[PDB]
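Okay, so here's the structure we're looking at.
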Amino acid sequence: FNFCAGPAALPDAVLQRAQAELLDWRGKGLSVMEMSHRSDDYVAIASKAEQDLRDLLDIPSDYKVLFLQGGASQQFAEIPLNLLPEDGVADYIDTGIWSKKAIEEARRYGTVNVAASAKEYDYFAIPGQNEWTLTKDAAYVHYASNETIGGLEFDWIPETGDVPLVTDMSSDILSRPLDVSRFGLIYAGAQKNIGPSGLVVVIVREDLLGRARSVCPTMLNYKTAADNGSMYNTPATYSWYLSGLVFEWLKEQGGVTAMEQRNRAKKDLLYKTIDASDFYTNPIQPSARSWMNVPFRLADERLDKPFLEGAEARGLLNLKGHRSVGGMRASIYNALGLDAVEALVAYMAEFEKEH
Amino acid sequence: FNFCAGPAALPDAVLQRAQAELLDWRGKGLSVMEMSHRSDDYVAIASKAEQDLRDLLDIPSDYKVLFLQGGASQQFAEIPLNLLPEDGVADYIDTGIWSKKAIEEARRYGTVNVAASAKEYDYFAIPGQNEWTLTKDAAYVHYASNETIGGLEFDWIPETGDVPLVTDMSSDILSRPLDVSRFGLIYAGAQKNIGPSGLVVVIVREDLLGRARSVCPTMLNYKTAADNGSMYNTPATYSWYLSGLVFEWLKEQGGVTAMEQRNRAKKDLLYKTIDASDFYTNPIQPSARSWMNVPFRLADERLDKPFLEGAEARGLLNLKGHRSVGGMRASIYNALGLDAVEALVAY
Ligand SMILES: N[C@@H](CCC(=O)O)C(=O)O
């Protein structure tokens, strides 16, 4: 039971599958690691991963789906490099640490307008859109769907008229249905629900491609990736394959509709437990409580060490909160079942009783 | 038996170890795939990978060793972005496809002087340095030590004074001893002679860092990966771990001197076969014949189909040449034993 915020737990079945065929994929005598990315076998693996992702999220045909490298952090530069004209303005929304890192990298490429900030609510809530100061002809509006450390998540899709929406969904993509047509670009570092580290998925409106500024590297150009099936150069071949295994696994589990029902029940159970007493606390207003990342603290912080030691004594790993916040944090991505949250909540009850 | 140009086959010992501990690395109930890069277990893996590499090539202490993403191609932009002042000049050496790709990308960031071209020699030979037109005040000199497609390789190191040497060693790194101190920057896509795709190794003089131009992305700034142990953000954790297994394996095999002895054998054996008859042809002059990639044409190109068939028949796979090349090519990287070249010369 691995509650780590990222890289995240992979489903057992996915790792078992990758393991069983690691030396000899489909009896061909080759690891997927040993495959040329231009071989028929690898092309079919890659094309199927792309298609399975379109199927999962019902991605419209006028979106490109890219499998890139460099982590979500590299997108903080790739987005304005591709989508922000040199004299333009980008709107950014600040809801915590990751949306602030995106902001900082964009300033190096042009003018950023920070159109809203959760600091007015001490990051316990997201400012409603009526408080936003959007720029009329902004090149795009950027926000982080889910702040992994802060446990703060959009339940809703911002209305921005004709300005393309751009969203970091690294930590909650594929956790529930998603109306992709609302967005100009969706991206996700894979190490939460998609899969293996390094890999990044970018889902982008075709009509937004082709305007990368001249200083954008070829390898950071969306149109170049799109035009070459994410194989302009050598891709992260094993990582791309693994994410394919995850997409297949997701489909067999009942897709994003099923993840929604499961993730809602998981999130409800843990929040119910925390809200029950004043021994555990989560200060995030219900309207923006993340389904994926659940920070909480104990009333008496002197009990942190015992809590974590006991948690590790049970099978409940990596509940330690990010050092910026302290306390605890249960990350409960797609790969974690209700049994995981059941076991956590059972220990939390046992612990409260003794203390 | 895998004569593929990329990626290299991985040593069976490595893949078997990777398979055995994919779910439960050293009894911790955890996949390396699921380890945080900030965790102590993964920190030790990554440090040991770095250190083993440093040992393997005898990298001096004033070199940073970076584990990056995005393929060797991405270095075509990262190099000028970090090492080429906007008001400056870079010398590039053209010996074939990959060194020309590197040139074309560089031109987007400043002035590029192509100081030498194998064009005059139909890429059958490398122009000696006295034919070169180096720029005295150059930020660096870039060349590819091994042109993977063309079988064209340097056996000598350019002497460029106080101008930094920047070299693409994707296909030949770790195949022979290397005098790292001669270079400003070495980079290598891991897929070619190490095995893991995506990952890139960059080996760069400390004193070259810190001068990247304002438009350089944070994630493509060498100083950034250098000051953060290649972990400013999440690295390609699995590929890094894999490459570490390969480094461990290389030490067990006698390291890089032992690789040199083995590769010279494989190289010399295949080349002996081709120079024996008029049946096969390699046009590359002996002085620049690659040890790593060995292209050869058939006297009757209309008989190339039964060359391949009888090869797919036997164990010998992936011998067809690049779309642009036309013919055959064998890649005899480190993980390929003499028995493979033995097997090949027979059929
Ligand atoms: N084999 C599981 C871990 C099992 C456990 O310790 O709970 C995994 O790595 O996904």
Side-chain angles (χ1 to χ4, degrees), chain A residues 53-54 57-66 68 72 75-85 87-96 98-118 120 126-135 137-147 153-170 172-173 176-188 200-216 220-227 287-288:
Chain A
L53 186 52
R54 294 179 176 277
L57 296 168
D58 282 294
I59 303 185
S61 61
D62 58 343
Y63 285 72
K64 301 312 189 181
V65 175
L66 314 178
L68 310 169
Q75 287 306 306
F76 297 158
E78 286 200 24
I79 283 156
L81 277 176
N82 284 272
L83 304 186
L84 174 53
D87 283 330
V89 176
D91 288 346
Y92 276 71
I93 310 300
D94 167 26
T95 49
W98 292 110
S99 38
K100 278 203 211 76
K101 289 189 181 229
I103 289 172
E104 205 83 347
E105 176 80 7
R107 299 200 190 266
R108 322 175 51 266
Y109 294 116
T111 308
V112 167
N113 177 65
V114 176
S117 167
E120 322 300 330
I126 297 169
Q129 196 153 343
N130 58 311
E131 296 154 30
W132 289 22
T133 50
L134 294 166
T135 315
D137 280 334
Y140 60 80
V141 176
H142 176 285
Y143 74 103
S145 175
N146 189 74
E147 287 280 5
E153 180 176 34
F154 285 79
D155 205 25
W156 53 279
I157 300 180
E159 233 309 295
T160 59
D162 281 348
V163 184
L165 221 41
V166 177
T167 188
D168 183 349
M169 292 181 147
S170 297
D172 67 353
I173 201 165
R176 59 164 91 112
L178 170 74
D179 189 347
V180 174
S181 61
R182 297 289 300 273
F183 301 87
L185 184 152
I186 293 147
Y187 64 109
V200 196
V201 170
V202 165
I203 303 165
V204 57
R205 286 219 314 252
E206 186 168 36
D207 61 81
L208 292 185
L209 307 186
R211 298 172 292 99
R213 67 179 72 178
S214 58
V215 299
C216 182
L220 271 64
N221 189 312
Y222 294 150
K223 176 149 179 63
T224 304
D227 287 348
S287 55

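Values below: every heavy atom of this structure, side chains too, minus hydrogens, waters and symmetry copies. Numbered from 1 within each chain, the chains take letters A, B, ... in sequence-line order.
Here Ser287(A) pairs with nothing under the side-chain hydrogen bond (donor to acceptor under 3.5 Å, both in side chains) rule; sequence neighbours left out. In terms of the side chain to side chain contact (heavy atoms under 4.5 Å, CB included) criterion, residue partners of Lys64(A) (sequence neighbours excluded) are, by chain and number, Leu66(A), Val204(A), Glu206(A), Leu209(A), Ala226(A). The side chain to side chain contact (heavy atoms under 4.5 Å, CB included) search around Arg107(A) returns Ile103(A), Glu104(A), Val112(A), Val114(A), not counting sequence neighbours. Partners of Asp155(A) under the salt bridge (charged side-chain N to carboxylate O under 4.0 Å, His left out) rule, at least two apart in sequence or in another chain, do not exist in this structure. Taking the side chain to side chain contact (heavy atoms under 4.5 Å, CB included) definition, one finds that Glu131(A) meets it with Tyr121(A), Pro127(A), sequence neighbours left out. The ring-ring contact (aromatic ring centres under 6.0 Å, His included) test applied to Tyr187(A) returns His142(A), not counting sequence neighbours. With sequence neighbours excluded, the residues satisfying side chain to side chain contact (heavy atoms under 4.5 Å, CB included) with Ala188(A) are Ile173(A), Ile194(A). Evaluation of the side-chain hydrogen bond (donor to acceptor under 3.5 Å, both in side chains) rule for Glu78(A) yields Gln74(A), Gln75(A) as partners, not counting sequence neighbours. Qualifying ring-ring contact (aromatic ring centres under 6.0 Å, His included) partners for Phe183(A), counting only residues two or more places apart in sequence or in other chains: none. Here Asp62(A) pairs with nothing under the side-chain hydrogen bond (donor to acceptor under 3.5 Å, both in side chains) rule; sequence neighbours left out. Taking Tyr222(A) as the reference, nothing meets the ring-ring contact (aromatic ring centres under 6.0 Å, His included) condition, with sequence neighbours excluded. Shown here are the side-chain hydrogen bond (donor to acceptor under 3.5 Å, both in side chains) partners of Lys101(A), two or more places apart in sequence or in another chain: there are none.
If you run side-chain contact (heavy atoms from CB on, under 4.5 Å) between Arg182(A) and each of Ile186(A), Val180(A), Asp179(A), only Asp179(A) comes through. Screening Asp168(A), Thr167(A), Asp172(A) against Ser170(A) for a side-chain contact (heavy atoms from CB on, under 4.5 Å) leaves a single residue, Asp168(A).
In this structure a side-chain-to-backbone donor-acceptor pair under 3.5 Å is missing from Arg108(A) to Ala77(A). A donor-acceptor contact shorter than 3.5 Å is absent between the side chain of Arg211(A) and the backbone of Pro85(A). Proximity of a side-chain donor or acceptor of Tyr63(A) to a complementary backbone N or O of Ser181(A) within less than 3.5 Å is detected. Side chain of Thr135(A) to backbone of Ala138(A): no donor-acceptor contact under 3.5 angstrom is found. Looking only at distances, a side-chain donor or acceptor of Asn82(A) sits under 3.5 Å from a matching main-chain atom of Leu220(A).
Taking CD from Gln129(A) and CD1 from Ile93(A), the interatomic distance works out to 8.0 Å, rounded to the nearest 0.5 Å. Taking OG1 of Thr111(A) as the start and CG of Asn113(A) as the end, the distance is 9.5 Å to the nearest 0.5 Å. The distance from atom CD1 of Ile203(A) to atom CZ of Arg54(A), rounded to the nearest 0.5 Å, is 8.5 Å. A distance of 15.0 Å separates NZ of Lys100(A) from OH of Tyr92(A), quoted to the nearest 0.5 Å. Note: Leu81(A) CG to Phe76(A) CZ = 13.5 Å, rounded to the nearest 0.5 Å. Distance check: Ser99(A) OG to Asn146(A) CG gives 10.5 Å after rounding to the nearest 0.5 Å.
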Review point. What's the verdict on side chain to side chain contact (heavy atoms under 4.5 Å, CB included) for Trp156(A) and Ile126(A), showing C-alpha distance, side-chain angles and the deciding distance?
Key: CA-CA 11 Å; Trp156(A) 53 279; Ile126(A) 297 169; 4.3 Å; yes

Exercise for review: Go through the steps to decide whether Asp91(A) and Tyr143(A) satisfy the test side chain to side chain contact (heavy atoms under 4.5 Å, CB included), and finish with yes or no.
Suggested key: CA-CA 9 Å; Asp91(A) 288 346; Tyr143(A) 74 103; over 6 Å; no

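In terms of heavy atoms, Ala144(A) sits closest to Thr95(A) at O-OG1, 3.8 Å. Between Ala139(A) and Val163(A), the shortest heavy-atom distance links the atoms C-CG1, 4.1 Å. Considering every non-hydrogen atom in both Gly161(A) and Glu159(A), the closest pair reads N-OE1, 3.1 Å. Scanning all heavy atoms of the two residues, the minimum distance from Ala72(A) to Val200(A) falls at N-CG2, 3.8 Å.
With contacts defined as side-chain heavy-atom distances shorter than 4.5 Å, the pair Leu178(A)/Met169(A) qualifies.
Judged purely by distance below 3.5 Å, without hydrogens or angles, the side chains of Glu153(A) and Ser145(A) never pair a donor atom with an acceptor atom.
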